[PDB]
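Trainee: One structure coming up, written as structure tokens, with questions to follow.
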Ligand SMILES: *Cc1ccc(C(=O)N2CC(OC)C2)cc1
Ligand SMILES: *Cc1ccc(C(=O)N2CC(OC)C2)cc1
Ligand SMILES: [Cl-]
Ligand SMILES: [Cl-]
């Protein structure tokens, strides 16, 4: 996207979102990142929404095919699951490459740095979901380390009701439960996160209250499923 | 897909459908067609489902962007609508190329020949939806001619309740209403189609009755909208 | 105005 | 177990 203006890439990412063209949206936001400038709050959200949708479709397809493949145990189902898996890994690697070159190193504010590090944990978590071989353990540790660094910053620099802090804790708790085989850590994190946010709600405006309680309900839904 | 077995392409098209990976499904079925053998009833359906889903997403995106573009009347919205439009036209041209090389000429049975000709009318209709310039009239006539040839065969060779005959009449009526600016022809065709099918229902098994009445309801829904 | 939903088979 | 649905913004 080197010949298109940064502002035009951003404009077209917003159009692609409205058109539910998430692959285009991701390519436009990839082009915007590669312009080399830091991203605003809104632009970070566009980048995140685009790739979450793209990899979300790939994960859903991979799960369908992995399920069929396990019920079967010709080479077609395995071959096609492998194809989808490779395409998913390529998208995760692309996002991780954007964070590494050079979004994270240039992110100094807590809101941007926690946002990108949560992203890094998420896309390593997606890699871990399909990993088996010699690097599954290393991929899991890469996810844990990104989430942990993001947690440490958010606890120091953000209020307990901050939606990024809450969504980070939500996804790290899912990491603990689904990836790290640590359901007690998952439940403890979600419950402490929920309780500390509840006690901070009195400080918020009506609109911030709606934003925070929405994500607290997601924590509560998980706790209900897990206990 | 030249190096993959025909049967493997068919198998993977079915897997892609289950995974809701319609672009893959279309590429697999394109590869199957290009093996040069005629397609079975089930294989024709796979080909049709794949491309209907792909172009269906493109049409939905084009309509979103065309609406935004009309509300605006920079170059971004037009440029992006053009990009989507070109990609849609490329998919329609690909399907039309498969029918022309060489599905239609090798289709001798009424069920296959009507099926492919209905397809041809549909993908010219999709081209007509976005056409403006010197060829909009010729594209519309190409759609009408394919539908008309299919109609003539289906009236001669199929019972009035045959689902392909009913779906052909449904889409030709939509062509009349939406493309050809002939709403009276659309209403007359849908009503005569519905009435002649109703009178033939007594000949059908329980399962054929369910298949036919399902499509008759689609005709009825349109008549309710149009009258 | 609905055409055939041939999206599933 | 639901992660953040960051599918719309
Ligand atoms: C042209 C056409 C396609 C499909 C049918 C049919 O029998 N349908 C629609 C749904 O499955 C695709 C039930 C009829 C005619
Ligand atoms: C990591 C993250 C993403 C998004 C939010 C948020 O405020 N959300 C989810 C939905 O929009 C994406 C409401 C919090 C944290
Ligand atoms: Cl494959
Ligand atoms: Cl564009």
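The count begins at 1 with the first shown residue.
How was it done? The header gives X-ray crystallography, 1.8 Å.
Cβ coordinates come from backbone N, Cα and C, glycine included.
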Trainee: Where Swiss-Prot marks phosphoserine, which residue is it, choosing among A:8, A:48, A:66?
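Mentor: Checking Swiss-Prot against A:8, A:48, A:66, the phosphoserine entry points to A:8.
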Trainee: How many whole Å apart are the CA atoms of residue A:8 (phosphoserine) and residue A:125 (site 'Interaction with phosphoserine on interacting protein')?
Mentor: 32
Trainee: Give me the Cα-Cα distance between residue A:125 (site 'Interaction with phosphoserine on interacting protein') and residue A:59 (site 'Interaction with phosphoserine on interacting protein'), rounded to a whole Å.
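Mentor: Checking the Cα atoms of residue A:125 (site 'Interaction with phosphoserine on interacting protein') and residue A:59 (site 'Interaction with phosphoserine on interacting protein') gives a distance of 11 Å.
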Trainee: Using a Cβ cut-off of under 8 Å to chain B, which of the recorded positions A:8, A:59, A:125 qualify?
Mentor: A:8
Trainee: Between the recorded sites A:59, A:125, whose Cβ has more other Cβ atoms within 10 Å than any of the rest?
Mentor: A:125
Trainee: Using DSSP reduced to three states, classify residue A:125 (site 'Interaction with phosphoserine on interacting protein') as helix, strand or coil.
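Mentor: Helix, per DSSP.
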Trainee: Is residue A:59 (site 'Interaction with phosphoserine on interacting protein') helix, strand or coil when read with DSSP?
Mentor: helix
